[PDB]
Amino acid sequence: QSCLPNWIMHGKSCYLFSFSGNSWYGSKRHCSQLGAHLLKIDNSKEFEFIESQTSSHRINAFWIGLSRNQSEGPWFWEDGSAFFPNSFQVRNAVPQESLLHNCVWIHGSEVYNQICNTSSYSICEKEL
């Protein structure tokens, strides 16, 4: 069971920390070109691993595979599964301030909703 050069193994996955700026959509499509998807956080061990990387790279945020379709309405992971705050809650959460903030990125130790077209770094994930 292998990961590609420059991808990091943890748990049951391979990870690319992409230090390049893209909208959330551009990030999704970059991960897709690599046969991967934007990060889905599945458990606490996965979260703490990711967080140990994002908190050590806190100059930019990293787009992840979490988004909603309505400007407030349910968060869903890139595989279509529902969000549960098992490891973290999405931050910036009153009605008004959340307006058009429909995609999610990690910045340091915090997971934030954000305007989808914002240029940021990203994390891709592929199964080990």
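Residue indices: 1-based, along the sequence shown.
Look at the C-alpha B-factors of 91 to 99 and of 34 to 42. On average they run higher in 91 to 99.
For residue 82, the recorded CA B-factor ranks within the lowest third of the chain. Only modelled residues enter the ranking.
Among the modelled residues of its chain, residue 66 has a C-alpha B-factor that falls in the lowest third, as given in the PDB entry. When all modelled residues of the chain are sorted by CA temperature factor, residue 72 is found within the highest third.
Among the modelled residues of its chain, residue 60 has a C-alpha B-factor that falls in the highest third, as given in the PDB entry.
Among the modelled residues of its chain, residue 25 has a C-alpha B-factor that falls in the lowest third, as given in the PDB entry.
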